[PDB]
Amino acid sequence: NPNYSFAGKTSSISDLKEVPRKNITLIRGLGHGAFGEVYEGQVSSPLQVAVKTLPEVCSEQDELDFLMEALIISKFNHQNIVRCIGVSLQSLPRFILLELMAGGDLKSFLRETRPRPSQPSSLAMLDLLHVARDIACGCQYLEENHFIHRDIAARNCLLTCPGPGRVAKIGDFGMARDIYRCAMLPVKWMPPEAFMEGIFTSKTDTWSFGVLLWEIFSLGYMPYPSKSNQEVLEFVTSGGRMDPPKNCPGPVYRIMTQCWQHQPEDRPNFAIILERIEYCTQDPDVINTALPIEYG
């Protein structure tokens, strides 16, 4: 019966909104994340949801991890963090019910929606700046509430829909969950002090957000092209930084390099990041820059 605290308030399993199992219907598989499969579902004009499932074959620790994940997501309240409709923990397999994000994960979206001869203007700079603003807004909410994400990366962000008017949200809190209670650490998203001293602060998430910005403006490339985890660790620790993505406007790259200052005190907080993203968004020289066309 672990307690969870956020924003000075303590909650437990009894605070989660249990939805009767008979009201929940699975429609289709949407793929898998940290735990088992995620399904499209509906709760009884039914409510459309994403259903995160816990494998019935799992450890005591897997169970406790799943519970902590439920508590974490249920206590956030922000438009750029996926909502939790509720849980179904009293039937097996256990479910967490979340806001359905019909556009899928941000990394996949960027790779699949790259401008190409068949879809020549599938995305523009403003689409990318809007995604960046959306995630920066969610990050600012976390920072204001003293929550350190620890894995701000494109794979962990989701889109409401594929089309125009999409909203990007933070959708996975697995790293924070593990720490609340190595070839799997997200080395390529971590600042020098994090992988050395294990020191984490909100300026950790600033650094990671810089890497996310690179992922966005590269249209979904893996950070540090051609470098392994240890090569990145040594590169970053020695002052090495990524080059601008193809066609990236200068003002946008400058946000990245500010996010990647060696000393955490020299990195901007998220209020400043949002200010800078807004300035880029209003600058015609930025938003009129054409994205590269991937040949196809």
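Don't overthink the numbering: it's just position in the shown sequence, from 1.
Next on the checklist: One third of the other compared structures is the cut-off here: is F95 left unmodelled in that many or more?
Outcome noted: That residue is present in all of the other compared entries.
Next on the checklist: Among other entries of this protein with both neighbours modelled, does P120 go without coordinates in a third or more of them?
Outcome noted: Across the compared entries, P120 is left out in at least a third.
Next on the checklist: According to the entry, how many residues of the deposited sequence fall between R181 and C182 and are not modelled? Options: none, 1 to 3, 4 to 9, 10 or more.
Outcome noted: Unmodelled stretch: 4 to 9 residues.
Item to check | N229 preceded by how many uncoordinated deposited residues after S228 | outcome: In the deposited sequence, nothing is left without coordinates between these two.
Item to check | Given 1-9 and 285-293, the range whose Cα B-factors average higher in the PDB entry | outcome: Comparing averages over the C-alpha atoms only gives 1-9.
Checklist entry - According to the deposited model, is the average Cα temperature factor higher in 266-274 or in 46-54? => result Averaged over C-alpha atoms, the B-factors run higher in 46-54.
Checklist entry - At the C-alpha atoms, which of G239, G33, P245, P251 reaches the highest B-factor in this entry? => result So the option with the highest C-alpha B-factor is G33.
Item to check | Identity of residue with top Cα B-factor, from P93, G86, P191, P117 | outcome: Result of the comparison over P93, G86, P191, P117: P117.
Checklist entry - Is the Cα B-factor recorded for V232 in the lowest, middle or highest third of its chain? => result Answer is lowest: the recorded C-alpha B-factor places it there.
Checklist entry - Which third of the chain holds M256 when residues are ordered by C-alpha B factor: lowest, middle or highest? => result Lowest third.
Item to check | Assigned third (lowest, middle, highest) for the C-alpha B factor of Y224 | outcome: Within its chain, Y224 is a middle-third residue by C-alpha B-factor, going by the deposited values.
Next on the checklist: By the recorded C-alpha temperature factor, relative to the other modelled residues in its chain, which third is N80 in?
Outcome noted: Lowest third, going by the recorded CA B-factors of the chain.
Item to check | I27 - which third its CA temperature factor falls in, relative to the rest of the chain | outcome: Tercile = highest for this residue's CA B-factor.
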